[PDB]
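Below is one structure; the comments refer to it alone.
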Amino acid sequence: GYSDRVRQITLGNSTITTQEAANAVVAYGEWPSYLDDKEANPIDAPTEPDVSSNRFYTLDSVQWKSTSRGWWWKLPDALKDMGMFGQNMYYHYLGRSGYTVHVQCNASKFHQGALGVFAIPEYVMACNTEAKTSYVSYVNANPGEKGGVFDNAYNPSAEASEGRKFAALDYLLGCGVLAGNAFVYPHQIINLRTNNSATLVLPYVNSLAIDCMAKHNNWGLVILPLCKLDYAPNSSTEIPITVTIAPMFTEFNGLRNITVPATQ
Amino acid sequence: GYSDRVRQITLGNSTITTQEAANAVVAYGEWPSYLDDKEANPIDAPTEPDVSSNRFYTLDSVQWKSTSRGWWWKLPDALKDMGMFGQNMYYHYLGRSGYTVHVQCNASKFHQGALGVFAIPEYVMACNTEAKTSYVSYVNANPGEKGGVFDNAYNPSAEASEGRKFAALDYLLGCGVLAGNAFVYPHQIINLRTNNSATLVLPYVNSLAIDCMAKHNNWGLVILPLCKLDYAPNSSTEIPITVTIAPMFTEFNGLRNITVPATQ
Amino acid sequence: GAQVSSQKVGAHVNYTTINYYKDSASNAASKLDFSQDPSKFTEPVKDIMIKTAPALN
Amino acid sequence: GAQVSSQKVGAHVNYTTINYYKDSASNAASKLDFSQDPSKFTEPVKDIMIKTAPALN
Amino acid sequence: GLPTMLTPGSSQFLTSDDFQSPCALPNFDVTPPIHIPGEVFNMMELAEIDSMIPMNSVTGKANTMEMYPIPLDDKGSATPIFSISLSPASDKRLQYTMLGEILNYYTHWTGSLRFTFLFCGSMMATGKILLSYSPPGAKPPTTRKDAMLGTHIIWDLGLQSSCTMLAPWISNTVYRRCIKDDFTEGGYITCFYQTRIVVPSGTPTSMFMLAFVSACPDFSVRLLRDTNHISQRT
Amino acid sequence: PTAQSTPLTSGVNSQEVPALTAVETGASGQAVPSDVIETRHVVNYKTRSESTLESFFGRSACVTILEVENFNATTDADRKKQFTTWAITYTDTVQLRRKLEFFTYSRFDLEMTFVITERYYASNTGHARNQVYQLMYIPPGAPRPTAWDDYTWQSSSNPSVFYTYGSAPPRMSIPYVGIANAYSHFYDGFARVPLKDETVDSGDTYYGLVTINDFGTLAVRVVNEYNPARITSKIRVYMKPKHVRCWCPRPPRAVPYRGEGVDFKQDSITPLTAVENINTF
Ligand SMILES: [Ca+2]
Ligand SMILES: [Ca+2]
Ligand SMILES: [Ca+2]
Ligand SMILES: [Ca+2]
Ligand SMILES: [Cl-]
Ligand SMILES: [Cl-]
Ligand SMILES: [Cl-]
Ligand SMILES: [Cl-]
Ligand SMILES: [Cl-]
Ligand SMILES: [Cl-]
Ligand SMILES: [Cl-]
Ligand SMILES: [Cl-]
Ligand SMILES: [Cl-]
């Protein structure tokens, strides 16, 4: 009866079902957990918001077209405006979180295409000016739930001031490595003939027990079309990709007034 | 190996197979049985015809169209002309029976639609004149294997004599209750994407141990299109619905000359 | 032949019944019967369905 | 199921109660409850105050 | 006083009530009982006694002693000898039998009915007679070939004078109503020559039988009611 | 016995998927909150006491209003006002009927209660002495009165209640009197089989419970002879099912009744009020 294709995930007041899964990945074989006393750093009693924040948040959907080059998000950036998770994140200097990432993309038995879904620790990307190095604005690095897109062309700006964004070049994974090697990162593939969803469970990953969520993204989420969307009756068809992410084992330290980041 | 979708039913010399079932319903959780001595009423040794009568009888098929409003039968009326079951029914004053009801409707992975299949104890329906109440002819109440159809309009007759038939109004289940509540009755759904058959096993249901089958129908069988048949290449396509019913644990009392009901 | 039974609790407790009549039809209301089996209506299926398992395997 | 209890004394002494109804709401007045704890209103202080000691030391 | 509270029904006179009441003649010394023959305990004891059906209550015979004897002869007609519905309370011929009279004090009846026939021809008369009970819902039998498909007995006339045909309890409902009622109809009792009555010369060629009805030990009645068989002017 | 407590549960990441099912099976959804959210422990002390059948039906409901009068009657029409007969049923009113018709079959004893009220017809015809009422239950077959003072009211065998105006509402219990093993609220059939080529008329025959039901007749009179003052009376009849069992639940009546059957009325078959939009909170 039980199947690698059929899964239920419940966190807080939220449940996901899938009937065409392909198992689930636990990044580096490690389930998320709370911070042990023997690895702790800040000494204030932490906030552990539990079900208020540790629940599935669904981002705005994106459209997969035959011409799409791919999509990226950063975490916890993508969830910074999500209910009580966002409030706990911005009221505290420090936060840590694992995640359940659920990527959703259904089609038909007559569609074809394959998405690589990669969870990348410290997903540092190239800037878009050759007048400077490491020259990216906070606003362009932290787009929130809209994330960003890859391009198949690199056109760095004439003026340094116009190039303060990522050069998200697909085949170099936006960071000077070949995209074919992205499989060293925790991943699944959504191959439309096989599966309609990817599930990645991510532990907290950092060189520290806990860090400034508003300064630092622990994970990149990359969705690359490895094989282009094709549908014989309409080559210009679009199918949605929906990203749903639950924080897990969230813990916050250093309560004060709320952080309100710059928007320009 | 064994599956909720794959079933064989053998009664007497008759077998049904299905490879796209959805379990089977046993109405009110009770398998049919013979009448116990401690619940018996008529004292003559009963006839128990067993395999001669307790076997699958296939009715004339009906056509499901995008415009169909639904179908009804009564039991034992639908089987009154079926082989030795019909003969045993009409040679005796009294009879009782359970049933296996098997409703058959296959399509393709590209068709869509959903049939509600309901077994209704004492399925009393409205008459089609407002000059009288409870004004239905025996002939119109007892159509036999052809059954009847629902309508989405109520047009009661000018003259009482012209309205002696059921006002089988679909959304009021032909009896002044909302069709959405028909799920309180033993039921399955044939949802073309999921299943191609419904199986209901019905015990004898009555306020008596045994009754006059020629006077009284114990069960109604209702098939309602909950979601209309749709097929993109031809919206005017028709797919058959086939009803196959086996009497079970049949028992008859009060043998005499044969009952020949009025036909006009 | 007095029956002593628990009362239904109020804001904050036995009561006594004697039947005065030779016919049970004369008696007051039947005692609270908490019997129920919703599954005969909500799950009247031949083959057991385990909630955590697929409904259709 | 008769309850026998002390009466409230008069000028100069048990009484009998049988409950006739299946609902406690039907019952006569609750029995005298002499419970009291005035200190929850008259002395709701965190630290014990001994009458003979200074209130503020 | 003991606190009390009057309920609905207070002060009503229900004619089927069963209460105590003060005696108008206290300390009265009743006449001692003695044994009297023929004590009755139950009206169903009386229902089990055979009484004669006025089977031939036709014009000119109704309300005469000639309403009882059922005409027989040696002609061997295929026509039924008598035909009657199993409506023991309401039928024009069964309602005035002892069983019929008892049933008309009740609303509901159940059980088997016994029909006993006494042949009153000469000793020299022979014959075979078919007696049939057809449970309802089919064409009422008017020919022997339909009657013999039902519950029946072939009675050979001889030294044993009498034959019992049973209408066994065969009903949808657990009780039938003591009125004419389609829902609780009981079916059809008929009678045909199986052979014919044969007599030698110097013997009557026409004769009679008597039909009796009684309840079986499986028989009971309920729901006491007033009869429609007694009335008075006001 | 209480309604279900909620267990303490956290999240899952599992091949166990209680959120998905297939209602094609004829099974209702079964999942509970602990299957699809993180739950705290909540002890549930609450009971379903008031939704037992005995609790649901444990009320005296008005089932009819009868009329009787007491005056010097000189015409046939006025003589017929001195008593009334009523075929006993629950179908003259809608409220108890609709509750019973959640079920196909029932078995219960009956408490019957009566409320009797009077008024003076006129002011210029003097006064009236306190009236006694006779309510006589006439089982099927027992003779029905044709006058308020005929022989039938001697009631040797029929149960009668004599009620004195101003006294407590009269009341009696009736056993389960059905000739079947339960009462039928619905009967999909006829009282007789019409047969091939019979001369019996098939054009004016009825269908369903009305062809087979007969709970007898209630006959009511004022026992008193006439006063100069005409008195008009109403008798309200109340029924409470007690010691109740029911079988085979049904959707409840969604549209007005128009008689003793399941028939509906063309101007009254639109119970839903249309919403402005599928997205209306
Ligand atoms: Ca002090
Ligand atoms: Ca509980
Ligand atoms: Ca499931
Ligand atoms: Ca849970
Ligand atoms: Cl969206
Ligand atoms: Cl955002
Ligand atoms: Cl700003
Ligand atoms: Cl066909
Ligand atoms: Cl047919
Ligand atoms: Cl005909
Ligand atoms: Cl009198
Ligand atoms: Cl008087
Ligand atoms: Cl609205």
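Labeling convention for the structure tokens: chains A, B, ... as they appear, residues from 1 per chain, ligands from 1 in order of appearance.
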Least-squares superpose chain A on chain B across all ordered C-alpha pairs, then write out what you get as a CSV table (one decimal) with C-alpha atoms, in the first residue's frame.
```
chain,number,residue,atom,x,y,z
A,1,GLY,CA,-0.1,-8.0,-5.4
A,2,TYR,CA,-3.7,-7.7,-4.0
A,3,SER,CA,-5.3,-4.3,-4.8
A,4,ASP,CA,-8.4,-2.2,-3.8
A,5,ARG,CA,-8.8,-1.6,-7.6
A,6,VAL,CA,-9.0,-5.3,-8.7
A,7,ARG,CA,-12.0,-7.5,-7.7
A,8,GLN,CA,-13.8,-10.7,-8.7
A,9,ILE,CA,-17.4,-11.4,-7.7
A,10,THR,CA,-18.9,-14.9,-8.4
A,11,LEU,CA,-22.6,-15.7,-7.7
A,12,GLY,CA,-24.1,-18.8,-9.1
A,13,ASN,CA,-22.9,-19.3,-12.8
A,14,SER,CA,-21.9,-15.6,-13.1
A,15,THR,CA,-18.6,-13.7,-12.5
A,16,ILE,CA,-17.7,-10.0,-12.6
A,17,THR,CA,-14.1,-8.7,-12.9
A,18,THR,CA,-13.0,-5.1,-12.4
A,19,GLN,CA,-9.4,-3.7,-12.6
A,20,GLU,CA,-10.4,-0.1,-11.6
A,21,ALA,CA,-12.7,-0.5,-8.6
A,22,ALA,CA,-12.6,1.7,-5.4
A,23,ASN,CA,-13.1,-0.9,-2.6
A,24,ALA,CA,-16.8,-2.0,-2.2
A,25,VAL,CA,-19.6,-0.8,0.0
A,26,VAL,CA,-21.5,-3.1,2.4
A,27,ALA,CA,-24.6,-1.0,3.1
A,28,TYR,CA,-24.8,-0.1,6.9
A,29,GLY,CA,-21.9,-2.6,7.4
A,30,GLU,CA,-24.2,-5.6,7.1
A,31,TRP,CA,-23.8,-8.5,4.7
A,32,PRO,CA,-27.2,-10.1,3.6
A,33,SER,CA,-28.3,-13.3,5.3
A,34,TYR,CA,-31.2,-15.8,5.5
A,35,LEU,CA,-34.1,-15.1,7.9
A,36,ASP,CA,-33.5,-16.6,11.4
A,37,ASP,CA,-36.2,-18.7,13.2
A,38,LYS,CA,-36.2,-16.1,16.1
A,39,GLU,CA,-37.2,-13.3,13.6
A,40,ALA,CA,-39.4,-15.4,11.2
A,41,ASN,CA,-43.1,-14.6,10.5
A,42,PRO,CA,-44.8,-16.7,7.8
A,43,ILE,CA,-44.7,-20.4,9.0
A,44,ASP,CA,-44.7,-22.3,5.6
A,45,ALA,CA,-41.3,-23.9,4.7
A,46,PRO,CA,-39.8,-21.2,2.4
A,47,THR,CA,-38.3,-21.6,-1.1
A,48,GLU,CA,-34.6,-20.7,-1.1
A,49,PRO,CA,-33.8,-20.9,-4.9
A,50,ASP,CA,-30.0,-20.3,-4.3
A,51,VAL,CA,-28.0,-20.4,-7.6
A,52,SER,CA,-31.1,-20.4,-10.0
A,53,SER,CA,-31.9,-16.8,-8.8
A,54,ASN,CA,-28.9,-15.5,-6.8
A,55,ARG,CA,-26.7,-14.6,-9.8
A,56,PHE,CA,-25.8,-11.4,-11.9
A,57,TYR,CA,-28.5,-10.1,-14.2
A,58,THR,CA,-27.4,-7.3,-16.6
A,59,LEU,CA,-30.1,-4.7,-17.4
A,60,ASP,CA,-30.3,-2.8,-20.7
A,61,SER,CA,-27.4,-0.2,-20.8
A,62,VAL,CA,-28.1,3.6,-20.7
A,63,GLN,CA,-26.1,6.3,-22.5
A,64,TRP,CA,-24.3,9.0,-20.4
A,65,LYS,CA,-24.3,12.3,-22.4
A,66,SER,CA,-23.2,15.9,-21.4
A,67,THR,CA,-27.0,16.6,-21.0
A,68,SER,CA,-28.0,13.5,-18.9
A,69,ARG,CA,-29.6,14.4,-15.6
A,70,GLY,CA,-29.5,10.9,-14.2
A,71,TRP,CA,-31.2,7.4,-13.9
A,72,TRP,CA,-33.3,5.5,-11.3
A,73,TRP,CA,-34.4,1.9,-10.8
A,74,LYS,CA,-36.3,0.2,-7.9
A,75,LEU,CA,-35.5,-3.2,-6.5
A,76,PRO,CA,-36.9,-5.9,-6.8
A,77,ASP,CA,-38.9,-4.2,-9.7
A,78,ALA,CA,-35.8,-3.9,-12.0
A,79,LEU,CA,-35.3,-7.7,-11.8
A,80,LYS,CA,-39.0,-8.8,-12.0
A,81,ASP,CA,-38.5,-10.3,-15.5
A,82,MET,CA,-35.0,-11.7,-14.8
A,83,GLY,CA,-34.9,-15.5,-15.2
A,84,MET,CA,-35.8,-17.7,-12.2
A,85,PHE,CA,-35.6,-14.7,-9.8
A,86,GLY,CA,-38.7,-13.2,-11.6
A,87,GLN,CA,-40.5,-16.6,-11.6
A,88,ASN,CA,-39.8,-17.2,-7.8
A,89,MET,CA,-40.9,-13.5,-7.1
A,90,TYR,CA,-44.3,-13.8,-8.9
A,91,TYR,CA,-45.2,-17.4,-7.9
A,92,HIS,CA,-45.0,-16.3,-4.1
A,93,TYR,CA,-47.0,-13.8,-2.0
A,94,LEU,CA,-43.8,-13.0,0.0
A,95,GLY,CA,-40.1,-12.6,-0.8
A,96,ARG,CA,-36.9,-11.1,0.7
A,97,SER,CA,-33.5,-10.5,-1.0
A,98,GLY,CA,-30.2,-8.8,-0.6
A,99,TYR,CA,-28.3,-7.6,-3.7
A,100,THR,CA,-24.8,-7.1,-5.1
A,101,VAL,CA,-25.2,-4.0,-7.3
A,102,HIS,CA,-22.3,-3.6,-9.9
A,103,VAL,CA,-22.5,-0.3,-11.9
A,104,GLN,CA,-20.1,-0.3,-14.9
A,105,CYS,CA,-18.8,2.9,-16.7
A,106,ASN,CA,-15.4,3.0,-18.4
A,107,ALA,CA,-14.0,5.9,-20.5
A,108,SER,CA,-10.4,7.0,-21.1
A,109,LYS,CA,-7.7,8.9,-19.2
A,110,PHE,CA,-8.8,11.9,-21.4
A,111,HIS,CA,-12.5,11.8,-20.4
A,112,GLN,CA,-13.9,13.4,-17.2
A,113,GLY,CA,-17.1,13.1,-15.1
A,114,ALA,CA,-18.4,11.7,-11.8
A,115,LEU,CA,-21.5,9.6,-11.1
A,116,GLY,CA,-23.0,9.3,-7.6
A,117,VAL,CA,-24.3,5.8,-7.2
A,118,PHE,CA,-26.8,5.7,-4.2
A,119,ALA,CA,-28.8,2.7,-2.7
A,120,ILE,CA,-31.9,4.4,-1.0
A,121,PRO,CA,-34.2,2.4,1.3
A,122,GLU,CA,-37.9,3.2,0.7
A,123,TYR,CA,-37.1,5.5,-2.3
A,124,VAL,CA,-40.6,7.3,-2.4
A,125,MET,CA,-40.7,9.9,-5.2
A,126,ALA,CA,-43.1,12.9,-5.8
A,127,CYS,CA,-46.0,12.7,-8.3
A,128,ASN,CA,-46.4,15.0,-11.3
A,129,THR,CA,-49.8,16.7,-10.6
A,130,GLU,CA,-50.7,19.4,-8.0
A,131,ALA,CA,-54.4,18.5,-8.3
A,132,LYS,CA,-53.7,15.4,-6.1
A,133,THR,CA,-51.0,14.1,-3.6
A,134,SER,CA,-49.3,10.6,-3.7
A,135,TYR,CA,-50.9,10.1,-7.2
A,136,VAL,CA,-48.7,7.7,-9.1
A,137,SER,CA,-49.9,4.7,-11.2
A,138,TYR,CA,-48.5,1.2,-10.4
A,139,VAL,CA,-47.2,1.0,-14.1
A,140,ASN,CA,-45.3,4.3,-13.9
A,141,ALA,CA,-43.9,3.4,-10.4
A,142,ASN,CA,-42.7,-0.1,-11.7
A,143,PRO,CA,-41.0,0.5,-15.0
A,144,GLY,CA,-38.8,-2.7,-14.6
A,145,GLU,CA,-35.3,-3.0,-16.1
A,146,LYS,CA,-35.6,0.2,-18.2
A,147,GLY,CA,-35.9,2.3,-15.0
A,148,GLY,CA,-36.5,6.0,-15.4
A,149,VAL,CA,-34.6,9.3,-15.8
A,150,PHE,CA,-34.3,12.5,-13.8
A,151,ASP,CA,-35.1,15.9,-15.3
A,152,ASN,CA,-33.8,19.4,-14.3
A,153,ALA,CA,-37.3,20.9,-14.6
A,154,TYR,CA,-40.6,20.3,-12.8
A,155,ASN,CA,-43.7,20.7,-15.1
A,156,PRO,CA,-46.7,19.2,-13.2
A,157,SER,CA,-49.7,18.2,-15.5
A,158,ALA,CA,-52.8,20.4,-16.0
A,159,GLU,CA,-55.1,17.3,-15.6
A,160,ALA,CA,-54.6,14.9,-12.6
A,161,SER,CA,-54.9,11.9,-15.0
A,162,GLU,CA,-51.8,13.1,-17.0
A,163,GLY,CA,-49.5,13.5,-13.9
A,164,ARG,CA,-49.7,9.9,-12.4
A,165,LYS,CA,-45.9,9.5,-12.8
A,166,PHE,CA,-42.8,10.6,-10.7
A,167,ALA,CA,-41.6,14.2,-10.8
A,168,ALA,CA,-38.0,12.9,-10.8
A,169,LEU,CA,-36.4,16.4,-10.2
A,170,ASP,CA,-32.6,15.9,-10.0
A,171,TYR,CA,-31.6,18.5,-7.4
A,172,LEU,CA,-34.5,17.5,-5.0
A,173,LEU,CA,-33.7,13.7,-5.6
A,174,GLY,CA,-37.3,13.4,-6.9
A,175,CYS,CA,-38.6,13.6,-3.3
A,176,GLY,CA,-38.1,17.1,-1.8
A,177,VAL,CA,-34.6,16.7,-0.2
A,178,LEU,CA,-31.3,18.3,-1.5
A,179,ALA,CA,-29.3,15.8,-3.7
A,180,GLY,CA,-26.1,17.0,-2.0
A,181,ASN,CA,-27.3,15.1,1.1
A,182,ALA,CA,-27.8,11.8,-0.8
A,183,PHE,CA,-24.3,10.7,0.7
A,184,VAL,CA,-26.1,9.7,3.9
A,185,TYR,CA,-27.3,6.7,1.8
A,186,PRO,CA,-24.9,3.8,1.0
A,187,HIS,CA,-23.0,5.0,-2.1
A,188,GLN,CA,-19.9,5.0,-4.2
A,189,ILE,CA,-18.8,7.5,-6.9
A,190,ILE,CA,-17.6,6.6,-10.4
A,191,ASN,CA,-15.0,9.4,-11.0
A,192,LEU,CA,-13.7,8.5,-14.5
A,193,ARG,CA,-10.1,9.6,-13.6
A,194,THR,CA,-10.1,7.1,-10.6
A,195,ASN,CA,-12.5,4.1,-11.2
A,196,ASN,CA,-14.8,2.5,-13.9
A,197,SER,CA,-17.1,0.6,-11.5
A,198,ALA,CA,-19.2,0.9,-8.2
A,199,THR,CA,-20.0,-2.2,-6.1
A,200,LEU,CA,-22.7,-2.0,-3.3
A,201,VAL,CA,-23.7,-5.1,-1.3
A,202,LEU,CA,-27.2,-4.5,0.2
A,203,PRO,CA,-28.8,-6.5,3.0
A,204,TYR,CA,-32.6,-6.8,3.0
A,205,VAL,CA,-33.9,-3.6,4.6
A,206,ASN,CA,-37.6,-3.2,5.7
A,207,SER,CA,-39.7,-2.8,8.9
A,208,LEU,CA,-40.7,-6.5,8.4
A,209,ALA,CA,-38.8,-9.8,8.0
A,210,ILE,CA,-40.4,-10.4,4.6
A,211,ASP,CA,-42.9,-8.6,2.4
A,212,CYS,CA,-44.9,-8.5,-0.9
A,213,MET,CA,-42.2,-7.9,-3.6
A,214,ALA,CA,-44.9,-7.2,-6.3
A,215,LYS,CA,-46.4,-4.4,-4.0
A,216,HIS,CA,-43.3,-2.9,-2.4
A,217,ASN,CA,-39.7,-1.9,-3.6
A,218,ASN,CA,-37.2,-2.1,-0.7
A,219,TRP,CA,-34.4,-0.1,-2.5
A,220,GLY,CA,-34.0,2.7,-5.0
A,221,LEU,CA,-30.8,2.7,-7.2
A,222,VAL,CA,-30.0,6.4,-8.2
A,223,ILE,CA,-27.2,7.3,-10.6
A,224,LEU,CA,-26.7,11.1,-10.7
A,225,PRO,CA,-24.0,12.9,-12.8
A,226,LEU,CA,-22.4,15.0,-10.0
A,227,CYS,CA,-19.9,16.4,-12.6
A,228,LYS,CA,-21.0,16.3,-16.3
A,229,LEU,CA,-19.4,14.1,-18.9
A,230,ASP,CA,-16.7,16.1,-20.8
A,231,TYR,CA,-14.5,15.0,-23.7
A,232,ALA,CA,-12.6,17.7,-25.6
A,233,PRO,CA,-12.5,16.1,-29.1
A,234,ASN,CA,-16.4,15.5,-29.0
A,235,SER,CA,-18.6,17.3,-26.3
A,236,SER,CA,-21.6,15.3,-27.8
A,237,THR,CA,-19.9,11.8,-27.1
A,238,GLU,CA,-21.9,9.2,-25.2
A,239,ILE,CA,-20.5,6.4,-22.9
A,240,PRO,CA,-22.6,3.5,-21.7
A,241,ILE,CA,-23.6,2.9,-18.0
A,242,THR,CA,-24.3,-0.8,-17.4
A,243,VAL,CA,-26.1,-2.0,-14.2
A,244,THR,CA,-25.6,-5.7,-13.2
A,245,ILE,CA,-27.5,-6.9,-10.1
A,246,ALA,CA,-27.4,-10.3,-8.2
A,247,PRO,CA,-30.1,-11.2,-5.7
A,248,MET,CA,-28.6,-12.8,-2.6
A,249,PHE,CA,-30.0,-15.0,0.2
A,250,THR,CA,-33.4,-15.0,-1.5
A,251,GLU,CA,-36.3,-16.6,0.4
A,252,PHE,CA,-40.0,-16.8,-0.7
A,253,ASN,CA,-43.2,-17.8,1.2
A,254,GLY,CA,-46.9,-18.2,0.3
A,255,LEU,CA,-46.7,-20.2,-3.0
A,256,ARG,CA,-49.8,-20.1,-5.3
A,257,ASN,CA,-50.6,-19.4,-9.0
A,258,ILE,CA,-48.4,-16.8,-10.7
A,259,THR,CA,-48.9,-13.0,-10.2
A,260,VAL,CA,-49.4,-11.2,-13.6
A,261,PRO,CA,-49.4,-7.4,-12.8
A,262,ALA,CA,-51.4,-4.9,-15.0
A,263,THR,CA,-49.3,-3.4,-17.9
A,264,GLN,CA,-51.7,-0.3,-18.6
```
Helix (DSSP H, G or I) positions in region 88-183 of chain B, given as a ChimeraX atom specification: /B:88-91,138-141,144-146,160-162,170-172,179-183
Within 8 Å of chain F, which residues of chain E come that close, and what is the closest atom pair and distance in Å for each? Count only C-alpha atoms and give it as JSON lines.
```
{"residue": "E:6", "atom": "CA", "partner": "F:168", "partner_atom": "CA", "distance": 7.7}
{"residue": "E:7", "atom": "CA", "partner": "F:168", "partner_atom": "CA", "distance": 7.2}
{"residue": "E:8", "atom": "CA", "partner": "F:169", "partner_atom": "CA", "distance": 5.1}
{"residue": "E:9", "atom": "CA", "partner": "F:170", "partner_atom": "CA", "distance": 3.8}
{"residue": "E:10", "atom": "CA", "partner": "F:168", "partner_atom": "CA", "distance": 5.6}
{"residue": "E:11", "atom": "CA", "partner": "F:167", "partner_atom": "CA", "distance": 6.8}
{"residue": "E:12", "atom": "CA", "partner": "F:163", "partner_atom": "CA", "distance": 5.1}
{"residue": "E:13", "atom": "CA", "partner": "F:162", "partner_atom": "CA", "distance": 4.8}
{"residue": "E:14", "atom": "CA", "partner": "F:161", "partner_atom": "CA", "distance": 4.1}
{"residue": "E:15", "atom": "CA", "partner": "F:160", "partner_atom": "CA", "distance": 5.2}
{"residue": "E:16", "atom": "CA", "partner": "F:159", "partner_atom": "CA", "distance": 5.3}
{"residue": "E:104", "atom": "CA", "partner": "F:141", "partner_atom": "CA", "distance": 7.6}
{"residue": "E:107", "atom": "CA", "partner": "F:140", "partner_atom": "CA", "distance": 6.3}
{"residue": "E:108", "atom": "CA", "partner": "F:179", "partner_atom": "CA", "distance": 7.7}
{"residue": "E:137", "atom": "CA", "partner": "F:193", "partner_atom": "CA", "distance": 6.0}
{"residue": "E:138", "atom": "CA", "partner": "F:195", "partner_atom": "CA", "distance": 7.1}
{"residue": "E:139", "atom": "CA", "partner": "F:195", "partner_atom": "CA", "distance": 7.0}
{"residue": "E:173", "atom": "CA", "partner": "F:180", "partner_atom": "CA", "distance": 5.7}
{"residue": "E:174", "atom": "CA", "partner": "F:180", "partner_atom": "CA", "distance": 6.0}
{"residue": "E:175", "atom": "CA", "partner": "F:179", "partner_atom": "CA", "distance": 5.5}
{"residue": "E:176", "atom": "CA", "partner": "F:179", "partner_atom": "CA", "distance": 7.6}
{"residue": "E:178", "atom": "CA", "partner": "F:141", "partner_atom": "CA", "distance": 7.0}
{"residue": "E:179", "atom": "CA", "partner": "F:141", "partner_atom": "CA", "distance": 6.0}
{"residue": "E:182", "atom": "CA", "partner": "F:192", "partner_atom": "CA", "distance": 5.3}
{"residue": "E:183", "atom": "CA", "partner": "F:191", "partner_atom": "CA", "distance": 4.3}
{"residue": "E:223", "atom": "CA", "partner": "F:139", "partner_atom": "CA", "distance": 7.7}
{"residue": "E:224", "atom": "CA", "partner": "F:157", "partner_atom": "CA", "distance": 6.3}
{"residue": "E:225", "atom": "CA", "partner": "F:158", "partner_atom": "CA", "distance": 5.3}
{"residue": "E:226", "atom": "CA", "partner": "F:142", "partner_atom": "CA", "distance": 4.9}
{"residue": "E:227", "atom": "CA", "partner": "F:142", "partner_atom": "CA", "distance": 5.6}
{"residue": "E:228", "atom": "CA", "partner": "F:143", "partner_atom": "CA", "distance": 5.6}
{"residue": "E:231", "atom": "CA", "partner": "F:151", "partner_atom": "CA", "distance": 6.8}
{"residue": "E:232", "atom": "CA", "partner": "F:151", "partner_atom": "CA", "distance": 6.3}
{"residue": "E:233", "atom": "CA", "partner": "F:151", "partner_atom": "CA", "distance": 7.3}
{"residue": "E:234", "atom": "CA", "partner": "F:150", "partner_atom": "CA", "distance": 5.8}
```
Distance query residue 83 (chain F) at most 6 Å, only C-alpha atoms, self and fewer than 4 positions along chain excluded, as a list in words: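 The neighbour list is residues 68, 148, 220 and 221 of chain F.
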Using N, CA and C atoms, can you export the residues from the last selection as a PDB file, in the first residue's frame?
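The new file selection.pdb reads:
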```pdb
ATOM      1  N   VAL F  68     -64.473  21.884  18.297  1.00  0.00           N
ATOM      2  CA  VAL F  68     -65.816  21.371  18.685  1.00  0.00           C
ATOM      3  C   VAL F  68     -66.591  22.543  19.290  1.00  0.00           C
ATOM      4  N   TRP F 148     -73.232  13.741  18.374  1.00  0.00           N
ATOM      5  CA  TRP F 148     -72.473  13.989  19.625  1.00  0.00           C
ATOM      6  C   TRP F 148     -73.018  13.120  20.767  1.00  0.00           C
ATOM      7  N   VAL F 220     -63.978  13.686  19.440  1.00  0.00           N
ATOM      8  CA  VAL F 220     -64.084  14.636  20.580  1.00  0.00           C
ATOM      9  C   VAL F 220     -65.498  15.205  20.606  1.00  0.00           C
ATOM     10  N   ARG F 221     -66.065  15.314  21.804  1.00  0.00           N
ATOM     11  CA  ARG F 221     -67.348  16.016  22.031  1.00  0.00           C
ATOM     12  C   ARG F 221     -67.256  16.812  23.325  1.00  0.00           C
TER      13      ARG F 221
END
```
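Using only C-alpha atoms, the contacts of residue 69 (chain E) at a cut-off of 12 Å, with sequence neighbours closer than 2 positions omitted, comprise residues 52, 53, 54, 55, 56, 57, 58, 61, 62, 64, 65, 66, 67, 71, 72, 81, 82, 117, 118, 119, 120, 121, 206, 207, 208, 209, 210, 211 and 212 of chain E.
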Selection as a PyMOL selection string: residues within 6 Å of ligand 4 by only C-alpha atoms and all ligand atoms: chain F and resi 9-11+34-38
Interface, chain C side, toward chain E (12 Å; only C-alpha atoms) as a ChimeraX atom specification: /C:20-23,26
Test item, strand (DSSP E or B) assignment across region 78-281 of chain F, answer as a ChimeraX atom specification: /F:83-87,103-120,132-138,160-164,171-174,183-184,189,195,217-222,231-249
